[PDB]
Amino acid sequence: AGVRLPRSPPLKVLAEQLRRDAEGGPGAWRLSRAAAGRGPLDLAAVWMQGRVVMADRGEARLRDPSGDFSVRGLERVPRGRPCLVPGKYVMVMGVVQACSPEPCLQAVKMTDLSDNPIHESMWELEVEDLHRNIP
């Protein structure tokens, strides 16, 4: 069918990066890279990963190695292997709605990563490696 996606790609990020480096506001989110001496990144869509620590209808709270983040609207996204219960390790594609006190995403997808623990080992390194290769 005729699909419609966020204009920009789902950048990989950590909760703390949103919580502390994002600025701008709803619909104009940008991530500071002042520390690495580089220009703002555009922050609509993100790729985030974590352990589910709370699930409630279509909201979840998730923990990545840097902190917690929330996701809304999961009742709408494609259902793979069911994984919206505490303890599952999952990826989320979402759009950024708020950054603090706690990062919050509107969900686009959530998919299980639990059946290979090596995803979780790699995630923080993945975020760092991807950030190094964006100019």
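Position 1 is the first residue in the sequence shown; the rest follow in order.
Mean C-alpha B-factor is higher over 29 to 37 than over the other stretch, the pair under comparison being 29 to 37 and 86 to 94. Relative to one another, 112 to 120 and 18 to 26 have unequal mean CA B-factors, and 18 to 26 is the one with the higher figure. The residue among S100, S66, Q106, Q49 whose C-alpha carries the highest B-factor in the deposited model is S100.
Compared with the other modelled residues of the chain, the Cα B-factor recorded for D42 ranks in the highest third.
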